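Engineer:
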Amino acid sequence: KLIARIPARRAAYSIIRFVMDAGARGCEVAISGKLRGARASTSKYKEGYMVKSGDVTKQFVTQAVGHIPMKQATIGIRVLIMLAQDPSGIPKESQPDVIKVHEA
Amino acid sequence: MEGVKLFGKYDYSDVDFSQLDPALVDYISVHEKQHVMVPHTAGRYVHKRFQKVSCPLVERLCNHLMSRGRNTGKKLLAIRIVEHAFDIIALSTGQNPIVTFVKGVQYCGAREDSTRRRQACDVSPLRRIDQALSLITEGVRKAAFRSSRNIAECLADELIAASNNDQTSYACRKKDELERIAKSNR
Amino acid sequence: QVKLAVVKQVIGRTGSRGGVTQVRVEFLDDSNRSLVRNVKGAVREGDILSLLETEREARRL
Amino acid sequence: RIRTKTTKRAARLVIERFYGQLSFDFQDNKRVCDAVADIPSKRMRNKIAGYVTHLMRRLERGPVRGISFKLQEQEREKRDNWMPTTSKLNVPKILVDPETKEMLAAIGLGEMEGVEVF
RNA sequence: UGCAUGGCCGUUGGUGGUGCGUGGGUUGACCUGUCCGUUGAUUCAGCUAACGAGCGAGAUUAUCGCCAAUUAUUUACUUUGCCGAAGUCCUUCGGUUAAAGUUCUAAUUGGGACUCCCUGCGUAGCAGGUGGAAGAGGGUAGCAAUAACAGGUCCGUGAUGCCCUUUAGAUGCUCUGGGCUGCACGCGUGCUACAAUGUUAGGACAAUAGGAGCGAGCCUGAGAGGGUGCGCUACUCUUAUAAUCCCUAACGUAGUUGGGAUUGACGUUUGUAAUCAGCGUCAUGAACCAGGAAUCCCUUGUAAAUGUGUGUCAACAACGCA
């Protein structure tokens with residue numbers, strides 16, 4: 109998208125809607141660098157919820173960093189996507207935060 | 001557990017703690033549990049505040065006499081020196097060492113001190136027998152540094168005069184400065 | 007000449023740098039009375055303190 | 003060594019449902035909270051069971067705030083429902099102050115048969 | 001050109017913080033939610049125009065400590081039995097596909113500790129104690145929110161915009177040689193000492209790493225070194241009988257057998273090269289007698305001493321990481 113001159117709002121909320129509707133607990137999108145002004149300035153677009161700490165980051169959080177070269181300057185693209193655990197799908203075990211009590 | 005004697009020589013049957021005085025004796029740590037064949041031990045004494053009392057007193061000296069910066073560690077060195085004091089003490093006078101030792105630990109550590124005017128506070132019995140063993144052993148190494156004389160002897164010279172209350176001693180001289188400063192400031 | 011107190015109760019701590027305790031004491035001389043004195047080191051209740059001067063209480067609390 | 007909001011809010015929800023199980027002893031209740039609730043780790047259940055025990059020896063006593071365990075809900079309903087024989091509102095003379103008698107004149111209901119003053 | 005930028009990292013600050021949905025307050029910036037005790041902690045407790053969801057904290061991951069199941073007679077050991085050597089009537093060594101194992105050794109699955117227990121203090125919790133391998137986050141690490149610093153890096157990059165260089169007598173690349181090691185002087189991190197709680201001489205237990213380079217044993221030479229190259233693709237073979245400490249002597253308070261800088265020569269290894277590299281040998285034998293005003297680090301297997309590996313490496317550690 110961002111090669112073909114879409115606004116960064118519309119480019120993120122394309123994919124951040126597409127991630128969540130497909131099936132995921134949260135996602136974050138960062139578009140770091142130089143649009144508009146001489147100074148670079150950071151966009152961050154987030155929905156859902158997004159776990160940042162511990163071991164449990166490594167199991168659940170998918171992420172991917174990159175960059176776009178342009179006429180003007182080098183932007184950085186960066187998309188973190190958190191998953192739901194399946195019952196033996198394709201993670202297995204739930205988070206160490208949560209517990210579930212049985213019904214009587 | 002019938003003989004029960006220090007270095008395999010001296011005994012704790014003597015030492016008359018009740019006889020020595022009132023107070024002071026308690027933090028002394030010579031009461032049965034403290035007695036051991038060798039003053040070396042696996043200490044666990046710095047865990048919670050007052051556990052330093054429950055260790056033996058002769059060990060507590062051997063730790064003080066572990067300085068400075070070269071003699072750190074090497075306790076196994078220090079318990080030779082304190083042995084070779086306690087031969088020189090015993091075989092000169094004929095008293096056994098532990099009696100004349102604990103009398104030295106009484107009369108060194110000054111009652112009172114300048115808490116930073125400056126005001127003259129009193130002391131705990133714990134902090135007396137601490138600053139007994141410092142001001143003995145401070146004087147020993149300060150004397151023994153450069154002196155052409157073995158430190159086992161220079162311990163034994165300090166340690167006899169501490170019992171008899173003489174101003175030969177680096178201990179019992181230095182209290183009468185520190186106690187008089189507390190009397191002056193007040 | 008060299009009198010002997012004993013600590014009834016530790017009220018708290020004092021000094022600018024928190025260096026010193028102070029304590030209610032009942033005289034071991036047995037004359038009787040209670041003196042509120044600032045001790046230096048660390049004190050377990052029931053400890054005995056030798057005082058060069060029995061007179062003057064510390065200041066305030 | 004404080005118990006966090008997750009292990010408290012579990013341990014109250016355990017005693018909600020399963021007060022029919024459990025005891026004052028820890029080593030029993032530890033083994034209960036495996037079966038009652040799927041928990042990831044070992045350390046979690048020791049701290050859950052540790053508060054479940056704590057609340058039991060509070061419960062051997064007046065009723066704890068913010069917790070309801072089904073036996074007391076049944077017991078409150080019986081303790082609620084019944085109401086003692088007699089109104090308990092009849093003296094039946096009924097004492098009344100001097101000014102409050104003069105009120106019961108002004109309404110138009112003196113000679114009530116309920117007594118006056120002192 | 002880091003004052004055009006990407007990423008990565010340090011820092012403010014690893015402190016306890018940060019801000020959404022609906023509701024209420026205010027013309028509005030904005031506030032409330034996010035407020036009398038407790039905790040390392042916006043940790044819990046409870047107040048209450050707020051109620052409810054988050055993220056960080058916690059949980060989790062890794063290891064160290066204690067357990068007993070599961071395996072192991074050619075990668076660890078032990079006991080007993082055999083055959084040796086000495087002792088020479090029962091003690092100690094070395095060997096063994098030889099029978100039984102698992103206390104040491106190796107590493108997977110689980111158990112274990114929760115303020116549960118008792119006593120004081122104030123429900124949340126706190127202090128002490130018993131037991132216990134371990135007791136108050138069991139110890140130590142790892143991971144670590146939002147919001148920013150024109151802090152750092154275009155000398156890490158096929159991460160990069162623009163500027164200029166390609167006039168090749170190049171700012172491309174490469175060969176020989178020299179620099180970054182040049183010294184009237186000022187500061188930072190370190191090392192070795194000033195000795196006798198020592199040095200000198202002789203005698204007597206580790207762990208973690210790495211290795212198709214490590215390099216076995218036996219010869220050669222005072223020494224460094226040199227030759228021959230057995231085992232190992234490693235719990236098997238190897239670097240590899242560590243050093244403070246300990247025990248017998250020598251010295252004797254002196255700039256002294258303390259101290260080992262600076263210089264002269266000979267004997268060598270690594271390398272295309274020793275001119276500024278390291279090792280050895282004999283000589284040379286300095287400043288320093290504990291350091292002014294100032295300042296740094298540290299609470300338990302910690303400080304301090306004491307060595308050993310590893311990173312860089314043909315050769316060279318006073319340095320970093322263990």
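Chains as they are written, first to last, in PDB author numbering: chain D, 109 to 198, 201 to 214; chain F, 1 to 116, 124 to 193; chain c, 7 to 67; chain R, 3 to 120. For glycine and all other residues, C-beta sits at the position ideal for the given N, C-alpha and C.
Using 8 Å as the Cβ pair cut-off and three pairs as the minimum, do the segment 12-25 of chain R and the segment 50-70 of chain R touch?
Structural biologist: Segments in contact, yes.
Engineer: Pick from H40(F), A150(F), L61(F), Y45(F): whose alpha carbon is nearest that of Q138(F)?
Structural biologist: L61(F)
Engineer: Which residues in the same chain as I96(R) place their Cβ atom closer than 6 Å to its Cβ, once the five residues preceding and following it in sequence are excluded?
Structural biologist: Contacts found: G116.
Engineer: May I ask you to verify whether the segment 163-173 of chain D touches the segment 113-128 of chain D, counting CB pairs closer than 8 Å and requiring at least 3?
Structural biologist: no
Engineer: Is it buried or exposed for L166(F), if we count other Cβ within 10 angstroms and need 16 for buried?
Structural biologist: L166(F) should be labelled buried.
Engineer: Please report the distance separating the alpha-carbon of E83(F) from that of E59(F).
Structural biologist: Straight-line measurement puts the Cα of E59(F) at about 11 Å from the Cα of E83(F).
Engineer: Would you say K46(c) reaches chain F, if we count a Cβ-Cβ gap shorter than 8 Å as a contact?
Structural biologist: yes
Engineer: Quick check on residue 2(R): does DSSP put it in helix, strand or coil?
Structural biologist: It is not possible to answer for residue 2(R), since the shown part of chain R is limited to 3 through 120.
Engineer: Specify, as a first and last residue, the run of the alpha helix (DSSP H) that residue 196(F) falls within.
Structural biologist: Outside the shown range of chain F, which is 1 to 193, sits residue 196(F), and nothing can be said about it.
Engineer: Given 8 Å as the limit, is there contact between the segment 45-65 of chain c and the segment 95-110 of chain F, that is, 3 or more CB pairs closer than that?
Structural biologist: no
Engineer: In its own chain, which residues sit with a C-beta less than 8 Å from the C-beta of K90(R), not counting the 5 before and 5 after it?
Structural biologist: Nothing meets the Cβ criterion.
Engineer: Quick one: does the C-beta of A151(F) sit closer than 7 Å to a heavy atom of the ligand MG?
Structural biologist: For the structure depicted, the ligand MG is absent and the ligand set is empty, with no information on it obtainable.
Engineer: State the start and end residues of the unbroken alpha helix (DSSP H) segment that holds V16(R).
Structural biologist: 7-19
Engineer: Under 8 Å Cβ-Cβ, which residues of chain F neighbour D36(c)?
Structural biologist: What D36(c) touches in chain F: nothing, since even the nearest Cβ is about 12 Å away.
Engineer: Name, going along the chain, the residues of the segment 11-30 of chain F whose beta-carbon falls closer than 9 Å to a beta-carbon of chain c.
Structural biologist: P22, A23, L24, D26, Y27
Engineer: Note down the Cα distance separating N63(F) from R124(F), rounded to an integer number of angstroms.
Structural biologist: 35 Å
Engineer: Is there a Cβ of chain R sitting closer than 8 Å to that of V159(D), yes or no?
Structural biologist: no
Engineer: With contact counted as at least three CB pairs below 8 Å, one residue from each stretch, are the segment 22-41 of chain c and the segment 176-187 of chain F in contact?
Structural biologist: No, they do not touch.
Engineer: Which residues, in order along the segment 123-144 of chain D, keep a beta-carbon less than 8 Å from a beta-carbon of chain R?
Structural biologist: none
Engineer: Can you pull the chain D neighbours of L24(R), defined as C-beta to C-beta under 9 Å?
Structural biologist: Going along chain D, no residue has its Cβ under 9 Å from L24(R), so there is no contact; the nearest lies around 13 Å.
Engineer: Just the Cα atoms here: how many angstroms apart are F20(R) and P206(D)?
Structural biologist: 23 Å
Engineer: Thinking just about the alpha-carbon of each residue, which of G146(F), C179(F), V130(F), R116(F) is nearest to the one in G21(c)?
Structural biologist: Minimum Cα distance to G21(c) is reached at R116(F).
Engineer: Evaluate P97(F) with the Cβ neighbour count: other Cβ atoms within 10 Å of its Cβ, from every protein chain shown; 16 or more gives buried, anything less gives exposed.
Structural biologist: buried
Engineer: Would you report the Cα separation of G146(F) and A189(F), rounded to the nearest angstrom?
Structural biologist: 22 Å
Engineer: Thinking C-alpha only, which one of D35(c), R23(c), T27(c) is nearest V8(c)?
Structural biologist: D35(c)
Engineer: Which value, in whole angstroms, describes the spacing of the CA atoms of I189(D) and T6(R)?
Structural biologist: 28 Å
Engineer: When we look at the beta-carbon of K103(F) and count the other beta-carbons within 10 Å, is it buried (16 or more) or exposed?
Structural biologist: buried
Engineer: Mind pulling the chain F residues with CB within less than 9 Å of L55(c)?
Structural biologist: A23, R111, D129, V130, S131, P132
Engineer: Rounded C-beta distance between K154(D) and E136(D)? I'm assuming under 8 Å.
Structural biologist: 5 Å
Engineer: Spell out whether any CB of chain F is found under 8 Å from the CB atom of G21(c).
Structural biologist: yes
Engineer: Cα-Cα, which of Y53(R), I41(R), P65(R), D40(R) is closest to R3(R)?
Structural biologist: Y53(R)
Engineer: Taking only the alpha-carbon atoms, compute the straight-line gap between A138(D) and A116(D) and give it to the nearest angstrom.
Structural biologist: In a straight line, the C-alpha of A138(D) is about 10 Å away from that of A116(D).
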